[PDB]
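Below is one structure; the comments refer to it alone.
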Amino acid sequence: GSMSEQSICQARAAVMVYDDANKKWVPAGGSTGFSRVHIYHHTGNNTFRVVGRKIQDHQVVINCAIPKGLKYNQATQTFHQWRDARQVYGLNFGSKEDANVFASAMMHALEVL
Ligand SMILES: CC(=O)N[C@@H](Cc1ccccc1Cl)C(=O)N1CCC[C@]12C=C[C@@H]1CC[C@@H](C(=O)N3CCC[C@@H]4C=C[C@H]5CC[C@@H](C(=O)O)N5C(=O)[C@H]43)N1C2=O
């Protein structure tokens, strides 16, 4: 938390999860809109996670570990995505600057893990 984790970036993005059964992206957490998406570094054990909160109502729409070896796909300059055993996640960034901020922090996490 506040004492164990440190934010290494903030970026604006609509967070989406892939509905594998329907072959469609769905808003993470149930409602379409932009979130503030952090990567948080647990400095103690050198782990990272992605945490995003809807700007409007503060709902946490994503909270997922970044595992070592993750393949992070920059599909376009403003839409990046990744997978784990359970979900495919997509970040539709509000600008290329946000995309670069977040990708730059994710790529750091992946090299230091
Ligand atoms: C082997 C594998 O798993 N491959 C993954 C990718 C991957 C590769 C390597 C490592 C991890 C991963 Cl994750 C894969 O390809 N995946 C993950 C499931 C989703 C998808 C599969 C098919 C569709 C084709 C279309 C494409 C897609 O979704 N978009 C294209 C460009 C961005 C464009 C942007 C936004 C969203 C807003 C909704 C819709 C729209 O804009 O209307 N849309 C889009 O159309 C978006 N797909 C994918 O990304």
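Might you let me know whether the stretch 51-58 holds any residue that is within 16 Å of the ligand (Cβ to nearest atom), out of contact with any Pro (no Cβ under 7 Å at 6 or more places or on another chain) and of a type in the set (A, V, I, L, M, F, W, C)? Checking the stretch 51-58: not a single residue is within 16 Å of the ligand (Cβ to nearest atom), out of contact with any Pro (no Cβ under 7 Å at 6 or more places or on another chain) and of a type in the set (A, V, I, L, M, F, W, C). In the stretch 72-89, the residue that is nearest to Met107 (Cα to Cα) out of those that are surrounded by 18 or more Cβ atoms within 10 Å (Cβ to Cβ) and more than 6 Å from the ligand (Cβ to nearest atom) is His80.
For (1) within 16 Å of the ligand (Cβ to nearest atom); (2) surrounded by 12 or more Cβ atoms within 10 Å (Cβ to Cβ); (3) more than 10 Å from the chain's Cα centre (by Cα); (4) not in a strand (DSSP E or B), each residue gets a yes or a no:
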site: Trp25; (1), (2), (3), (4): yes, yes, yes, no
site: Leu70; (1), (2), (3), (4): yes, yes, yes, yes
site: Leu91; (1), (2), (3), (4): yes, yes, no, no
site: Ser104; (1), (2), (3), (4): no, yes, yes, yes
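Only a single criterion out of (1) within 17 Å of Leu91 (Cα to Cα); (2) in contact (Cβ under 8 Å) with a residue 60 or more places away in the chain; (3) among the β-branched types (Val, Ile, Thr) is not satisfied by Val61, namely (2).
Is it true that some residue in the stretch 5-23 is touching a residue at least 24 places away in the same chain (Cβ under 8 Å), in contact with a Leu (Cβ under 7 Å, 6 or more places away or on another chain), within 15 Å of the ligand (Cβ to nearest atom) and not hydroxyl-bearing (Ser, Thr, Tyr)?
Yes, some residue in the stretch 5-23 is touching a residue at least 24 places away in the same chain (Cβ under 8 Å), in contact with a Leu (Cβ under 7 Å, 6 or more places away or on another chain), within 15 Å of the ligand (Cβ to nearest atom) and not hydroxyl-bearing (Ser, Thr, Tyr).
Within the stretch 27-44, track down each residue that is part of a strand (DSSP E or B) and either without any contact (Cβ under 8 Å) to a residue 60 or more places away in the chain or farther than 19 Å from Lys96 by Cβ (or both). Residues satisfying the conditions are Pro27, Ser35, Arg36, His38, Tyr40, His41, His42. Looking at the stretch 12-19, can you tell me whether even one residue there is among the aliphatic types (A, V, I, L, M) and loosely packed, with under 13 Cβ neighbours inside 10 Å? No, the stretch 12-19 contains no residue that is among the aliphatic types (A, V, I, L, M) and loosely packed, with under 13 Cβ neighbours inside 10 Å.
A short reminder: the numbers here are calculations on the coordinates, not readings from a lab. So basically every Cβ, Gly included, is an ideal-geometry build from the backbone, and we count neighbours across all protein chains shown.
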